[PDB]
Amino acid sequence: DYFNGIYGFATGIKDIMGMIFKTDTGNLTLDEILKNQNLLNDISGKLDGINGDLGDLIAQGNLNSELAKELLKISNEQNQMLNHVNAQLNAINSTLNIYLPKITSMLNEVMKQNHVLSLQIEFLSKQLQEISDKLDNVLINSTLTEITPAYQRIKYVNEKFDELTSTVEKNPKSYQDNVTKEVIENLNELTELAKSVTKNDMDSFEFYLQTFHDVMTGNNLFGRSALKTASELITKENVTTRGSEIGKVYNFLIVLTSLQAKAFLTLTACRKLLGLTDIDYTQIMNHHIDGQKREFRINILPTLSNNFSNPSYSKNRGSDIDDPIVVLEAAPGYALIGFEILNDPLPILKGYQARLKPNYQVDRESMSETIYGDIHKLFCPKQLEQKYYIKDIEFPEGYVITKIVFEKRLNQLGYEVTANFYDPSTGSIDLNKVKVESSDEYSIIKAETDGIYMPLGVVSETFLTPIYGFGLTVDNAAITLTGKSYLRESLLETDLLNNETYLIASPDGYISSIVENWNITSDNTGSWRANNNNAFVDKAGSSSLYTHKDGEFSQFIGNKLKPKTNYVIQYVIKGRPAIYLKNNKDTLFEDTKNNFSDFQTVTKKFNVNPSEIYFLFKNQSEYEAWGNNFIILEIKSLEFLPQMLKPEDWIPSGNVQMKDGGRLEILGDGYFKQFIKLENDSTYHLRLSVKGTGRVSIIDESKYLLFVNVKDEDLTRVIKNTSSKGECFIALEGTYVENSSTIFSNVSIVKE
Amino acid sequence: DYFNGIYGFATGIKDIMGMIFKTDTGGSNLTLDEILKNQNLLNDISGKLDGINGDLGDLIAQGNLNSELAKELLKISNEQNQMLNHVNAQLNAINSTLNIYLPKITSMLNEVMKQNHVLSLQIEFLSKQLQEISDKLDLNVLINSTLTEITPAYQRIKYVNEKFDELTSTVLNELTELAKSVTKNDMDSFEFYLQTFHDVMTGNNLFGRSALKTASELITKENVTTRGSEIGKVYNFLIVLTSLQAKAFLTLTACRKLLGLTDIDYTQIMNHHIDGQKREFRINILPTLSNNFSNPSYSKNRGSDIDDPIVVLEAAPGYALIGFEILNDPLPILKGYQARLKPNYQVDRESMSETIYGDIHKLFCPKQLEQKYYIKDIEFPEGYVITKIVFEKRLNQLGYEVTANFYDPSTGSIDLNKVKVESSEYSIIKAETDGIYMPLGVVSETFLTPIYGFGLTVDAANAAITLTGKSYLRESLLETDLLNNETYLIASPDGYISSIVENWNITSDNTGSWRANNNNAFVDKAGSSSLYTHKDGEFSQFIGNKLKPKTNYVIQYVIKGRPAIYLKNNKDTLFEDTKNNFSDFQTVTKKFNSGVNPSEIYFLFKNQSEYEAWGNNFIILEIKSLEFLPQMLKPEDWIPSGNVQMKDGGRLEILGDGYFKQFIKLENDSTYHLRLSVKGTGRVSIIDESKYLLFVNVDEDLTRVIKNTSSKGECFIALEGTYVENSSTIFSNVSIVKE
């Protein structure tokens, strides 16, 4: 879903203001006991008919003078009292009859149009909290003392106004006849807050709303803007969060503008509730919010970096004997928009791509992700040092990166970046205008017993944006991926100029699934099929599949799974469910025996003929269960560079067998061999892994070129200045003791 | 204009208060609230009585009823009409009082806004001179404590001031509401915040920490390298904060009139408060503060190793030196301000002038050889004002001599017979390839003031040169403003304050010396007003009679749009600026050189192609040529020989096979220094009747030393190039000097 910028928020507000401004509510204290309507109506009814009858008697003459006086004095006493009562009863009847109807519908609308705006910035309470957790002048201290009073009041009054307008009864009928203590107390609580928000005194709402802006723009003696002060704290960050300086600051800018935007809306709302003269705050609101933008655009922004890096790290051991190739390539029309290294199921690099909109924005609907597995074998070594070619690859303005390739050969990691020309006006990428750069100047990390600190977390901008730079840095034995975003260029065409703005926020998790209708929201479950009225959709805020007794939901997904590959299952579940990936032959995946009070997320992986499997949500034994966000995604297998040996070129001999995964198992007295040819002028590298005990040899027509006993280890050996003579072959054998096993794997000879 | 001190501001306020206090509106014993309340009450009784007398009237005139009864009903109709008449009496009085009041009030608010705008200009200068400080700040607990203690009161006062200004600049409910809030008697009143502001300012606050004291600390925190002295910076602060409350009290007086309350003369209290802040300043803070001031910035520049410059800042007879500014505009430039003195070290605005000296980089900095800097903190005794400063650099050895005359604060006459002279133990900076940090920025007091100290400092570590002076600001504040006597302070100018261009600062419609041609050219009121052109519209001004031949001038203007600026003559252009497009006003700074005959040149402001354009602040000022000490060689004493020619600028060009020579005489007992510059390839030699005393092949700036040499007879220096035809060798800055 798109975040439509500050311009977007601020207009959304202006609209609601208009809607309020054009409500007419036709003279009340709003301290009238509305519960007293029946009491007063009765007293009124009775007094009226008595004064009526007594009145008729006086005006039918025929009455002694002195007496006709006393009866008149008794008519005035009575009339005063009826007048005074009908006062109260008029106020009560107009509050119920004119006022409440016009107000309850106006509050109702405000709550609705405000819910819509609060969603557009929901993302950002979690993306701003990420910062304060990871935070530790007089100019700094000064804007804290200057702002926090105003910040606390505004925030409180905003949240409390929202909370009260959402829980006042909107059915004006509900306020008549049998109104409840609770229904009246919600309306009073609102009118009281209204009275406090609008009271003209030295501690006024308007005063705090003004001083908030004065501090935001630096009209405050020191000339220290809060944007300026916040900016400082972010740039001098000792431990970092996702996004670039620009992003983080623009995030701050959004939160703070949004706050005042709603301050002004709250104020407008409270004025109608109290029936004061209508003020168009829109002009002032816009002037204020516009000034914060210009102060940002002019004084802060040009000092900020558009670099962004992995926020966390992770200690991981890689492979010393693998030569992996990892290729993140967008499709023709698409561009690379960001990454996330994670390690929950296993070390995984997720790569997001999408088609571009004008001015470096992203097309939501056109947006996709791919998972790459075992990146620990790419990034980290285990026992030997790894060389890291370092190059800060940067393309010229108008280029967006569309492909990144990682190559690790003999513990030497390098990368090559490809970028295509993009036009901000149309947002078309030009597939003929390509530029390519790759990684002489390097850094090398020595392997620790414990591991090395590989990158971790989301490598992206705060708002997903195509990129024009990319590079790997090394330290602490720590590897850092960094990219350069187009967020600046995107903010200056769209939102810092008050044009339409279409920003996506960097996703927290997975955004796709092979499961159709993986995110339940409405009643319709689309591809999910129910069976009983035992299975239904529960509206748990965000909706959820529900089962009880034996109620099940199914979705057939065979066409979509490929054989002998690893997938990731993740779901968000509550209660005590049973989840299956079943085939009438076999079960591929099962989760029962899970009990939860509340919604958690569960993350697992799963792996000869996994076609014609359907997926099943039930409940265990006889209990209830909820669940959705059913992610199943392919974990692309790690691919490696070519080598000299070939898997079908191995010759078996005796009690041996070749299992699946390039493994060569010696079951007794047998052995494997493969013919190879070695040249005098070349340096070769033998690497392999063994579980068990055995011997590697390379023999010749005349001589051994290599002989090594081995036991449960990764092996590396170098061969130099060697020339084989006729038939030459490597041979793998175990110890010849029967009913034992020796399993070789990842056997490779590579010419340097 | 002059800034007339705190006493000046505070009286200006008192005046406006008086003007309000003496506005006579409807002098009704009742408030504004009581008039609009009574208006409604009477309007309603009138409304109702009317419809009753209406109904009773209709009953009588429906006849058909007994004569005797029709009488009694009529008598009851008269009583009723009398009562409506007597009520409308009251309601007329109320409506006519309101008809007097709003007119009397709206004109009084209008006037207040006007007289307040005039005062806010007298302190406009110092939001920019105070901003200069916060930029250069970066923490006590004593500081943090007085922030938390004052900001509550500061915020509301500021708010109520600004909001009152915004609401009167647009005239009425919004105003009466603010009025009601400002005047409400409750524990948390405006008056409460106004009082606690003062309590914090003077330290009548239990522990006894004045904010003046705590602010003073922060300013004198030795990290604060901005223009002016500690005194100035603190007194600036003092001005801002007093001024704030001054207007707090004015706003309060205004709001009370608006509400029609009894008139209170806040003037006595306002003055007591502002007086206390002064005494607290004069007694407890001031005597701890320095009157030193230095260049706030630095600049990396390369100078000359081979120039021997003399730079002389000399005030005229009646005048005194008031401050300087080094800048890096068209070139390294030292600007010097002078003026005639008023009593107590104040300055005579109208009598005030500036002079630009060029290439001070050749004075201050070396290029390839070390420079020696004689350092002396020259200081004269009280009553002396500096009237002349001379800089002499000889063979990379910079020195200075200061002259001061006796001044009388009572009259403000300078005594031309009572002079004192002091001049310049040294420090030497080695030349970096990159340059040396020469001083940069305005060397002056916050308020321009004559000076009694001056000196140059050097920082060896940083290769940095610092000019410092000692102001008379203390002595000037104590006679005038810290005593509530008339005060006449000028604020240190931000830029240039003069121009050869007449009416260089457009403000009114009249453009004086500027002549328009079409209604295509007019004055736009862009806040500060601005020349405007469209289509072909042009503005011109003759300036030939101002320009001198073969000299460098500085042009600077503040322009918007895409205009065209010319220093034209029929058939020749001396200076042009087209191809400049701007969204907003910038300032542009260039130099130019008048021609061989730059008379009969006039200035032109147009627009380029066919666009619009704005501009003013048209500065054109002479860049005094750098002058050097005497040397042994003379420009007319050069003898030419062959394919050579002497160009303008002391250059000697060898065009082919020729050469230059000049006869000189060298003595055994003396050390000589040969220096020169060459573009090209060549040979310098000094020959004799018997001997070469010097021979050097040379694209280079060169220094050579000659010792223990006695020219036998008829010895001359000779400059020659390579003898290859259709090539050039250009010598320049050729000098021999006896040490």
# chains A, B, ... in the order shown; residues from 1 in each chain; ligands from 1
$ closest_atom_pairs --of "chain A" --to "chain B" --cutoff "12 Å" --atoms "only C-alpha atoms" --output "JSON lines"
{"residue": "A:137", "atom": "CA", "partner": "B:138", "partner_atom": "CA", "distance": 5.0}
{"residue": "A:138", "atom": "CA", "partner": "B:139", "partner_atom": "CA", "distance": 5.3}
{"residue": "A:139", "atom": "CA", "partner": "B:138", "partner_atom": "CA", "distance": 6.8}
{"residue": "A:140", "atom": "CA", "partner": "B:138", "partner_atom": "CA", "distance": 8.9}
{"residue": "A:141", "atom": "CA", "partner": "B:144", "partner_atom": "CA", "distance": 7.3}
{"residue": "A:142", "atom": "CA", "partner": "B:147", "partner_atom": "CA", "distance": 6.9}
{"residue": "A:143", "atom": "CA", "partner": "B:147", "partner_atom": "CA", "distance": 10.0}
{"residue": "A:144", "atom": "CA", "partner": "B:148", "partner_atom": "CA", "distance": 9.8}
{"residue": "A:145", "atom": "CA", "partner": "B:148", "partner_atom": "CA", "distance": 6.2}
{"residue": "A:146", "atom": "CA", "partner": "B:151", "partner_atom": "CA", "distance": 6.7}
{"residue": "A:147", "atom": "CA", "partner": "B:151", "partner_atom": "CA", "distance": 10.1}
{"residue": "A:148", "atom": "CA", "partner": "B:148", "partner_atom": "CA", "distance": 11.3}
{"residue": "A:149", "atom": "CA", "partner": "B:152", "partner_atom": "CA", "distance": 9.2}
{"residue": "A:150", "atom": "CA", "partner": "B:152", "partner_atom": "CA", "distance": 10.7}
{"residue": "A:198", "atom": "CA", "partner": "B:177", "partner_atom": "CA", "distance": 11.1}
{"residue": "A:199", "atom": "CA", "partner": "B:181", "partner_atom": "CA", "distance": 9.0}
{"residue": "A:200", "atom": "CA", "partner": "B:181", "partner_atom": "CA", "distance": 5.5}
{"residue": "A:201", "atom": "CA", "partner": "B:181", "partner_atom": "CA", "distance": 4.9}
{"residue": "A:202", "atom": "CA", "partner": "B:189", "partner_atom": "CA", "distance": 6.4}
{"residue": "A:203", "atom": "CA", "partner": "B:188", "partner_atom": "CA", "distance": 8.1}
{"residue": "A:204", "atom": "CA", "partner": "B:181", "partner_atom": "CA", "distance": 9.5}
{"residue": "A:206", "atom": "CA", "partner": "B:159", "partner_atom": "CA", "distance": 10.1}
{"residue": "A:207", "atom": "CA", "partner": "B:159", "partner_atom": "CA", "distance": 7.1}
{"residue": "A:208", "atom": "CA", "partner": "B:156", "partner_atom": "CA", "distance": 9.3}
{"residue": "A:209", "atom": "CA", "partner": "B:159", "partner_atom": "CA", "distance": 10.7}
{"residue": "A:210", "atom": "CA", "partner": "B:159", "partner_atom": "CA", "distance": 7.7}
{"residue": "A:211", "atom": "CA", "partner": "B:155", "partner_atom": "CA", "distance": 6.9}
{"residue": "A:212", "atom": "CA", "partner": "B:155", "partner_atom": "CA", "distance": 10.3}
{"residue": "A:213", "atom": "CA", "partner": "B:159", "partner_atom": "CA", "distance": 11.3}
{"residue": "A:214", "atom": "CA", "partner": "B:159", "partner_atom": "CA", "distance": 9.3}
{"residue": "A:215", "atom": "CA", "partner": "B:155", "partner_atom": "CA", "distance": 10.0}
{"residue": "A:218", "atom": "CA", "partner": "B:131", "partner_atom": "CA", "distance": 10.4}
{"residue": "A:219", "atom": "CA", "partner": "B:158", "partner_atom": "CA", "distance": 10.2}
{"residue": "A:220", "atom": "CA", "partner": "B:155", "partner_atom": "CA", "distance": 8.3}
{"residue": "A:221", "atom": "CA", "partner": "B:131", "partner_atom": "CA", "distance": 7.8}
{"residue": "A:222", "atom": "CA", "partner": "B:134", "partner_atom": "CA", "distance": 5.2}
{"residue": "A:223", "atom": "CA", "partner": "B:131", "partner_atom": "CA", "distance": 6.3}
{"residue": "A:224", "atom": "CA", "partner": "B:134", "partner_atom": "CA", "distance": 7.6}
{"residue": "A:225", "atom": "CA", "partner": "B:134", "partner_atom": "CA", "distance": 11.3}
{"residue": "A:228", "atom": "CA", "partner": "B:135", "partner_atom": "CA", "distance": 11.2}
{"residue": "A:229", "atom": "CA", "partner": "B:138", "partner_atom": "CA", "distance": 11.7}
{"residue": "A:232", "atom": "CA", "partner": "B:138", "partner_atom": "CA", "distance": 11.8}
{"residue": "A:276", "atom": "CA", "partner": "B:173", "partner_atom": "CA", "distance": 11.5}
{"residue": "A:277", "atom": "CA", "partner": "B:173", "partner_atom": "CA", "distance": 9.7}
{"residue": "A:278", "atom": "CA", "partner": "B:174", "partner_atom": "CA", "distance": 11.7}
{"residue": "A:279", "atom": "CA", "partner": "B:174", "partner_atom": "CA", "distance": 9.9}
$ select_by_dssp --residues "segment 49-97 of chain A" --states "alpha helix (DSSP H)" --output "PyMOL selection string"
chain A and resi 49-58+65-94
$ select_by_dssp --residues "segment 343-452 of chain B" --states "strand (DSSP E or B)" --output "VMD selection string"
chain B and resid 347 to 358 371 to 374 377 to 379 384 to 393 397 to 407 414 to 423 426 to 429 436 to 443 447 451 to 452
$ closest_residue --among "B:690, B:145, B:338, B:81" --to "residue 385 of chain B" --atoms "only C-alpha atoms"
B:338
$ residues_around --residues "residue 12 of chain B" --least-positions-apart "2" --cutoff "10 Å" --atoms "only C-alpha atoms" --output "VMD selection string"
chain B and resid 4 6 to 10 14 to 17 115 to 116 118 to 119 246
$ closest_residue --among "A:715, A:581, A:644, A:168" --to "residue 384 of chain A" --atoms "only C-alpha atoms"
A:715
$ atom_distance --atom1 "atom CA of residue 60 of chain B" --atom2 "atom CA of residue 85 of chain B"
19.8 Å
$ residues_around --residues "residue 659 of chain A" --least-positions-apart "4" --cutoff "10 Å" --atoms "only C-alpha atoms" --output "compact mmCIF listing (two decimals) with C-alpha atoms, in the first residue's frame"
# COMPACT_ATOMS: atom_id res chain seq x y z
CA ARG A 663 28.63 -37.52 -1.87
CA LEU A 664 30.88 -40.57 -2.46
CA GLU A 665 30.47 -43.25 0.26
CA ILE A 743 31.63 -40.26 3.05
CA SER A 745 31.87 -34.66 -0.49
$ closest_residue --among "B:316, B:289, B:477, B:126" --to "residue 446 of chain B" --atoms "only C-alpha atoms"
B:126
$ atom_distance --atom1 "atom CA of residue 317 of chain B" --atom2 "atom CA of residue 416 of chain B"
7.1 Å
$ residues_around --residues "segment 26-37 of chain B" --least-positions-apart "5" --cutoff "10 Å" --atoms "only C-alpha atoms" --output "count of residues only"
23
$ residues_around --residues "residue 418 of chain B" --least-positions-apart "5" --cutoff "12 Å" --atoms "only C-alpha atoms" --output "count of residues only"
11
$ closest_residue --among "A:576, A:126, A:115, A:293" --to "residue 166 of chain A" --atoms "only C-alpha atoms"
A:115
$ decode --residues "segment 584-681 of chain A" --atoms "C-alpha atoms" --output "PDB file, in the first residue's frame"
ATOM      1  CA  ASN A 584      -2.587 -39.118  -0.287  1.00  0.00           C
ATOM      2  CA  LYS A 585       0.745 -41.031  -0.418  1.00  0.00           C
ATOM      3  CA  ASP A 586       3.039 -39.030   1.905  1.00  0.00           C
ATOM      4  CA  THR A 587       3.147 -36.080   4.384  1.00  0.00           C
ATOM      5  CA  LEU A 588       5.722 -33.429   3.365  1.00  0.00           C
ATOM      6  CA  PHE A 589       5.285 -31.121   6.392  1.00  0.00           C
ATOM      7  CA  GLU A 590       3.309 -31.266   9.685  1.00  0.00           C
ATOM      8  CA  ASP A 591       2.835 -28.839  12.637  1.00  0.00           C
ATOM      9  CA  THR A 592       0.641 -30.074  15.515  1.00  0.00           C
ATOM     10  CA  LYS A 593       1.503 -30.033  19.274  1.00  0.00           C
ATOM     11  CA  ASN A 594       1.805 -26.178  19.134  1.00  0.00           C
ATOM     12  CA  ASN A 595      -0.244 -24.356  21.919  1.00  0.00           C
ATOM     13  CA  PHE A 596      -0.363 -20.499  21.944  1.00  0.00           C
ATOM     14  CA  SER A 597      -2.373 -17.972  24.048  1.00  0.00           C
ATOM     15  CA  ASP A 598      -1.854 -15.317  21.323  1.00  0.00           C
ATOM     16  CA  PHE A 599      -0.725 -14.916  17.705  1.00  0.00           C
ATOM     17  CA  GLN A 600       2.962 -15.827  17.174  1.00  0.00           C
ATOM     18  CA  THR A 601       4.872 -16.315  13.900  1.00  0.00           C
ATOM     19  CA  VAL A 602       6.442 -19.761  13.238  1.00  0.00           C
ATOM     20  CA  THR A 603       9.321 -20.111  10.728  1.00  0.00           C
ATOM     21  CA  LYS A 604      10.528 -23.476   9.380  1.00  0.00           C
ATOM     22  CA  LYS A 605      12.008 -24.917   6.172  1.00  0.00           C
ATOM     23  CA  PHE A 606      10.926 -28.055   4.313  1.00  0.00           C
ATOM     24  CA  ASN A 607      12.167 -30.068   1.328  1.00  0.00           C
ATOM     25  CA  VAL A 608      11.348 -36.733  -4.438  1.00  0.00           C
ATOM     26  CA  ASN A 609       7.940 -36.089  -6.040  1.00  0.00           C
ATOM     27  CA  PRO A 610       6.373 -33.138  -4.185  1.00  0.00           C
ATOM     28  CA  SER A 611       3.759 -32.553  -6.922  1.00  0.00           C
ATOM     29  CA  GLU A 612       0.005 -32.951  -6.305  1.00  0.00           C
ATOM     30  CA  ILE A 613       0.303 -31.771  -2.669  1.00  0.00           C
ATOM     31  CA  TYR A 614      -2.539 -29.689  -1.122  1.00  0.00           C
ATOM     32  CA  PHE A 615      -2.118 -27.557   2.099  1.00  0.00           C
ATOM     33  CA  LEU A 616      -4.455 -27.985   5.083  1.00  0.00           C
ATOM     34  CA  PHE A 617      -5.373 -25.877   8.141  1.00  0.00           C
ATOM     35  CA  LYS A 618      -7.149 -27.841  10.907  1.00  0.00           C
ATOM     36  CA  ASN A 619      -7.133 -27.914  14.742  1.00  0.00           C
ATOM     37  CA  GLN A 620      -5.462 -30.596  16.919  1.00  0.00           C
ATOM     38  CA  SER A 621      -7.309 -33.295  18.977  1.00  0.00           C
ATOM     39  CA  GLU A 622     -10.573 -31.303  19.438  1.00  0.00           C
ATOM     40  CA  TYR A 623      -9.589 -27.614  20.047  1.00  0.00           C
ATOM     41  CA  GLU A 624      -9.884 -24.224  18.265  1.00  0.00           C
ATOM     42  CA  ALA A 625      -7.219 -22.553  16.066  1.00  0.00           C
ATOM     43  CA  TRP A 626      -6.560 -19.318  14.155  1.00  0.00           C
ATOM     44  CA  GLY A 627      -3.962 -18.526  11.521  1.00  0.00           C
ATOM     45  CA  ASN A 628      -2.887 -16.547   8.497  1.00  0.00           C
ATOM     46  CA  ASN A 629       0.005 -14.934   6.581  1.00  0.00           C
ATOM     47  CA  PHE A 630       0.919 -18.314   5.096  1.00  0.00           C
ATOM     48  CA  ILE A 631       4.256 -17.792   3.358  1.00  0.00           C
ATOM     49  CA  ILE A 632       5.776 -20.569   1.254  1.00  0.00           C
ATOM     50  CA  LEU A 633       8.684 -19.500  -0.974  1.00  0.00           C
ATOM     51  CA  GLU A 634      11.466 -21.245  -2.901  1.00  0.00           C
ATOM     52  CA  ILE A 635      14.941 -21.104  -1.365  1.00  0.00           C
ATOM     53  CA  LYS A 636      17.088 -20.870  -4.488  1.00  0.00           C
ATOM     54  CA  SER A 637      19.878 -23.499  -4.173  1.00  0.00           C
ATOM     55  CA  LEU A 638      23.426 -22.108  -3.952  1.00  0.00           C
ATOM     56  CA  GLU A 639      25.277 -22.406  -7.285  1.00  0.00           C
ATOM     57  CA  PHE A 640      29.058 -22.662  -7.662  1.00  0.00           C
ATOM     58  CA  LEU A 641      31.624 -21.940 -10.372  1.00  0.00           C
ATOM     59  CA  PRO A 642      32.888 -24.750 -12.675  1.00  0.00           C
ATOM     60  CA  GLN A 643      35.831 -27.015 -11.726  1.00  0.00           C
ATOM     61  CA  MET A 644      38.042 -29.732 -13.288  1.00  0.00           C
ATOM     62  CA  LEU A 645      36.283 -32.808 -11.867  1.00  0.00           C
ATOM     63  CA  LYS A 646      32.806 -33.897 -13.078  1.00  0.00           C
ATOM     64  CA  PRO A 647      30.282 -35.955 -11.048  1.00  0.00           C
ATOM     65  CA  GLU A 648      29.657 -38.565 -13.795  1.00  0.00           C
ATOM     66  CA  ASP A 649      33.413 -38.919 -14.398  1.00  0.00           C
ATOM     67  CA  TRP A 650      33.918 -40.762 -11.087  1.00  0.00           C
ATOM     68  CA  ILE A 651      34.632 -44.493 -11.475  1.00  0.00           C
ATOM     69  CA  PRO A 652      33.474 -46.833  -8.594  1.00  0.00           C
ATOM     70  CA  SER A 653      35.317 -50.011  -7.446  1.00  0.00           C
ATOM     71  CA  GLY A 654      34.223 -52.431  -4.703  1.00  0.00           C
ATOM     72  CA  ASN A 655      31.828 -51.818  -1.802  1.00  0.00           C
ATOM     73  CA  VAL A 656      31.001 -48.141  -2.616  1.00  0.00           C
ATOM     74  CA  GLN A 657      27.919 -46.104  -3.595  1.00  0.00           C
ATOM     75  CA  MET A 658      27.237 -42.520  -4.728  1.00  0.00           C
ATOM     76  CA  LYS A 659      24.432 -40.840  -2.734  1.00  0.00           C
ATOM     77  CA  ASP A 660      22.555 -37.678  -3.795  1.00  0.00           C
ATOM     78  CA  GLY A 661      24.384 -34.368  -3.196  1.00  0.00           C
ATOM     79  CA  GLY A 662      27.775 -35.156  -4.757  1.00  0.00           C
ATOM     80  CA  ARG A 663      28.635 -37.520  -1.874  1.00  0.00           C
ATOM     81  CA  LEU A 664      30.880 -40.568  -2.462  1.00  0.00           C
ATOM     82  CA  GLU A 665      30.469 -43.245   0.260  1.00  0.00           C
ATOM     83  CA  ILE A 666      32.966 -46.107   0.834  1.00  0.00           C
ATOM     84  CA  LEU A 667      30.985 -48.922   2.496  1.00  0.00           C
ATOM     85  CA  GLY A 668      33.863 -51.437   2.834  1.00  0.00           C
ATOM     86  CA  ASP A 669      36.864 -52.384   0.687  1.00  0.00           C
ATOM     87  CA  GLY A 670      36.056 -50.267  -2.412  1.00  0.00           C
ATOM     88  CA  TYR A 671      37.302 -46.902  -3.794  1.00  0.00           C
ATOM     89  CA  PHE A 672      36.500 -44.095  -6.308  1.00  0.00           C
ATOM     90  CA  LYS A 673      38.821 -42.602  -8.937  1.00  0.00           C
ATOM     91  CA  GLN A 674      38.624 -39.992 -11.725  1.00  0.00           C
ATOM     92  CA  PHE A 675      41.203 -39.348 -14.455  1.00  0.00           C
ATOM     93  CA  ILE A 676      42.587 -35.790 -14.542  1.00  0.00           C
ATOM     94  CA  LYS A 677      45.462 -34.020 -16.399  1.00  0.00           C
ATOM     95  CA  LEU A 678      47.887 -31.668 -14.585  1.00  0.00           C
ATOM     96  CA  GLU A 679      50.194 -29.159 -16.302  1.00  0.00           C
ATOM     97  CA  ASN A 680      53.699 -28.012 -15.301  1.00  0.00           C
ATOM     98  CA  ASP A 681      52.934 -24.242 -15.805  1.00  0.00           C
TER      99      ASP A 681
END
